[PDB]
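Participant: Sharing the initial chains of the complex here, in place:
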Amino acid sequence: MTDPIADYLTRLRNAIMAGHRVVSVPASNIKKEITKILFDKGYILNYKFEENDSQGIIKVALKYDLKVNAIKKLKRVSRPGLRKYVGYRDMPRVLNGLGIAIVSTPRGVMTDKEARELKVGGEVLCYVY
Amino acid sequence: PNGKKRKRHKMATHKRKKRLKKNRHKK
Amino acid sequence: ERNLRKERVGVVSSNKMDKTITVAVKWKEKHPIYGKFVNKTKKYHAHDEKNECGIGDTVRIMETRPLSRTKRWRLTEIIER
Amino acid sequence: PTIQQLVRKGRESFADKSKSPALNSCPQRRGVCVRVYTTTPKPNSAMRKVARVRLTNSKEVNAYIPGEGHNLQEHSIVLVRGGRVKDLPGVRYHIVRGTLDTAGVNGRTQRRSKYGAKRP
Amino acid sequence: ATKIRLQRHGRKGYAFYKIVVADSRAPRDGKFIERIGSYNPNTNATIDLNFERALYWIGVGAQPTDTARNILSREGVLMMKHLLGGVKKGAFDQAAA
Amino acid sequence: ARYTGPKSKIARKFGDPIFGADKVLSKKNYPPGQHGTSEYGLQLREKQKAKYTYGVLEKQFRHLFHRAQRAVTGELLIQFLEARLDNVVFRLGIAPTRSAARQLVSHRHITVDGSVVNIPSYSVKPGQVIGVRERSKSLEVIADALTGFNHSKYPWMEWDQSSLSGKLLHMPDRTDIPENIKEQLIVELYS
């Protein structure tokens, strides 16, 4: 593997395109943080972490309307071939404020709203809407 | 796959290959 | 209450010359056009009163007046061998 | 290409050629009429008056003579400007009327400033 | 030497001078060390002046020109005689007149 | 420069009575020429209508337009056009038409705030006094246009006949200015 975060986003996007209800991922710490952010922001139905003999598994149940998914686009920003760093004063707005950007900061991993509230910058992992 | 594209390439190869033979054994 | 001179932390790259060493300082910086982060290295010449430095050593050097044609730095400390 | 490929190689930008290279980035040049002759267009079938002129910038070119009725001849000092004729291969320059040896078109009452005719 | 002078920074027929501190060898409208005010002779003459900086430069020894000396005579910049502690300790107030 | 040409031709071209009342507005009313349209044509007609009705040439009109853009742009361009020395003099009724007002301003006859201003493009800010020269308060032509007519139909002029001055209360809104100009067309053309 080259970019596990991009792989996670791609797995979610492919499951959404195929219209599945659940999706499984090999677990990681930053991906646990990302799926927690997504669940508290209201893009997926729920999640579950299973700590097995391997590194672990993340099972994500997605959110559909009464048949349109809650997620429309996932875009990886900081790839290994080109890392992206930004401050709080120059942080971007996704879909003109109707979408989020996951950002890793010295205070932790949160979105652009919380990062601008706390006045801190870092890595822009992905745009989600 | 028009066909006329390869005709120009074939024709200029003929001029090049013929021009060298006129002076091959010609010292 | 003096002024401060430039200090550089680096790795010894050559010591075959008497009383002087060469220090390599390497750092990663952002490319201006494409924004990628690339590695750059610079070589300094430093003055050491004893040939006590072998190939490869985390050291610190300090700016001085010209001590030779190309010698403007002096050794200050050795972090590790 | 990849980011590292662009870092190693970069992008190359060419230079656009000038449509009037014999002028040497000048608006007009001065020449002498080496030859005055007539040419045929490349579906027109006219008789277009042209002059071969050796410019002072050490270059010889062909210049069209616009208008009806030219008093020019061989070995005449003329002013040459840019501008080409579509249906004539070769020529890419015009001769300014009313300047130096070239005279303005006689009997012109419209478009006078493009052919060097004074107000009647 | 270091001088206090005026550079013509205006328009033809409307002279507006900048009061600067500059070397005597510098060009008239060229290089200067510090800007200390403005001057306009067209009105009935508005003068802007940095009192503290003008005092500092006239104390360290910048020689003013004739017109700049008159400008410093106005606005009470040449009160160094009174500020030299001439057998006194109080500060007089001649600005009201 | 100035137009100084035939006015009835422009009046018949545009249909509206921009210069005033005339017999040709009702007799032989059609665009001029012995031989007499795309949205470019209508936009050009609107822009030329504004230019001819306000006596402004192209460069000055463009400067006015982008000044209004810098500071609805089409809405305040019209009030910028209205706020002019010749236009204000004409609207105060002291001169018959806009050309007459322009000539009166250009000659030494009109003062602003007690000082004579003879530039017939001077923008007049609100809360300013425009008055006839005290040496020209007794002209034969200067009185018949103001006295007798006495329109006073604009709720942004104060007249004060007892001093022959006048004041601009504020810039009128785009609905209260009696000009048949679609500013949307002009701002679309210049955009």
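Facilitator: Cool, got the structure. Numbers count the residues shown, from 1 in each chain, chains lettered A, B, ... in the order given.
Participant: can you give me the offset of the helix or strand harbouring residue B:15 from its chain's centre?
Facilitator: Secondary structure from DSSP states H and E places residue B:15 in helix B:4-21. Helix B:4-21 sits 2 Å away from the centroid of its parent chain (C-alpha atoms, centre = their mean, to the nearest Å).
Participant: And stretch F:31-50, by the same measure?
Facilitator: 20 Å.
Participant: For the helix holding residue B:15, buried residues please.
Facilitator: Buried residues in helix B:4-21, counting neighbours by 16 or more other C-beta atoms under 10 Å in any protein chain shown, are absent. Just so you know, the C-beta spots here come from the backbone N, C-alpha and C atoms, and that holds for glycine as well.
Participant: Alpha carbons of it, as PDB, please.
Facilitator: Provided in PDB are the C-alpha atoms of helix B:4-21 (Å, rounded to 0.1, in the frame of the first residue of the first chain):
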ATOM      1  CA  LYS B   4      -3.400   7.700 -46.600                       C
ATOM      2  CA  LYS B   5      -1.500   8.500 -43.400                       C
ATOM      3  CA  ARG B   6       0.800   5.500 -44.000                       C
ATOM      4  CA  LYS B   7       1.300   6.200 -47.700                       C
ATOM      5  CA  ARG B   8       3.400   9.400 -47.000                       C
ATOM      6  CA  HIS B   9       5.600   7.500 -44.500                       C
ATOM      7  CA  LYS B  10       6.000   4.600 -47.000                       C
ATOM      8  CA  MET B  11       6.900   7.000 -49.900                       C
ATOM      9  CA  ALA B  12       9.600   8.900 -48.000                       C
ATOM     10  CA  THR B  13      11.200   5.700 -46.900                       C
ATOM     11  CA  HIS B  14      11.500   4.700 -50.500                       C
ATOM     12  CA  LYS B  15      13.300   8.000 -51.400                       C
ATOM     13  CA  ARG B  16      15.600   7.600 -48.400                       C
ATOM     14  CA  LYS B  17      16.500   3.900 -49.100                       C
ATOM     15  CA  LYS B  18      17.000   4.600 -52.800                       C
ATOM     16  CA  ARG B  19      19.200   7.600 -52.300                       C
ATOM     17  CA  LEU B  20      21.700   5.600 -50.200                       C
ATOM     18  CA  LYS B  21      22.000   2.800 -52.800                       C
END
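Participant: tack on RNA strand G:
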RNA sequence: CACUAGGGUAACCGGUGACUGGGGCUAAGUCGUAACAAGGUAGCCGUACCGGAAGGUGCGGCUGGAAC
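Facilitator: Let me add RNA strand G to what's already shown:
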């Protein structure tokens, strides 16, 4: 010690030259018909030999080919 001046060999940058060969465009005068249909011997790629000319043939490959 070197600014020059002098001879000589070596470079690079340039002109000209008895004679001898490509290319582009305009005319189209001549000679055939190579390709486009199974274009009347399917076409093309490489290579070798041979012809006024387009080309022909041998060996291998391809379908960007019919037809079975």
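Participant: Could you find the closest non-adjacent residue to residue E:82?
Facilitator: The spatial neighbour of residue E:82 that comes closest, neighbours along the chain excluded (C-beta to C-beta, 6 or more residues apart in numbering or on different chains), is residue E:92 at 6.0 Å.
Participant: wait, is that neighbour part of a strand?
Facilitator: No: Residue E:92: not assigned to a strand; according to DSSP: H, G, I helix; E, B strand; the rest coil it is coil.
Participant: what about it, how many neighbours?
Facilitator: By other C-beta atoms under 10 Å in any protein chain shown, the residues close to residue E:92 number 9.
Participant: What count of nearby residues applies to residue F:174?
Facilitator: 17.
Participant: Secondary structure element holding it?
Facilitator: With DSSP H and E as the criterion, residue F:174 is inside neither a helix nor a strand.
Participant: what about the closest residue to it other than its chain neighbours, how many residues close to it?
Facilitator: Of all residues not flanking residue F:174 in the chain, residue F:75 sits nearest, at 4.8 Å (C-beta to C-beta, 6+ apart). Neighbourhood size, residue F:75 [other C-beta under 10 Å]: 15.
Participant: add RNA strand H to what we have:
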RNA sequence: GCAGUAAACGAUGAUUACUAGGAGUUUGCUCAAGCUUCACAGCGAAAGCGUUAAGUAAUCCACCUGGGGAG
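Facilitator: To build on what is shown above, here is RNA strand H added in:
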């Protein structure tokens, strides 16, 4: 022993992860490798590709910037 070229072609570089169905076939035993044609989503200018992608993504390399002149 030289030479180093081809319609040296799937005219489609290598690696990794994921995403629908039908018809056959070979080997290891209903399952997993491989082998070829119809064909969802998607992609494409279209012909078409479609788990052996020309779909969704990440890493590195090679190459292109109108046609002749001209490999």
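Participant: same question on the neighbour count of residue F:174, but now with RNA strand H added
Facilitator: 17.
Participant: How about the residues of chain D by chain C?
Facilitator: D:3, D:4, D:6, D:7, D:10 (C-beta under 8 Å from any C-beta of the partner chain).
Participant: In helices, which of the residues you listed fall?
Facilitator: D:3, D:4, D:6, D:7 (DSSP state H).
Participant: which of those residues come close to RNA strand H?
Facilitator: D:3, D:4 (C-beta under 7 Å from any atom of the strand).
Participant: Same list, the ones in helices among the residues of chain D next to chain C, but as TSV with distance to residue F:5 and neighbour count please.
Facilitator: Shown next, in TSV, are those (distance: C-beta to C-beta, whole Å; neighbours: other C-beta atoms under 10 Å in any protein chain shown):
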residue	distance to residue F:5	neighbour count
D:3	66	15
D:4	70	13
D:6	63	14
D:7	67	15
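Participant: where's residue F:184, which helix or strand?
Facilitator: helix F:183-190.
Participant: Give me the buried positions along that helix.
Facilitator: Quick answer for helix F:183-190 (16+ other C-beta under 10 Å): F:183, F:185, F:186, F:187, F:190.
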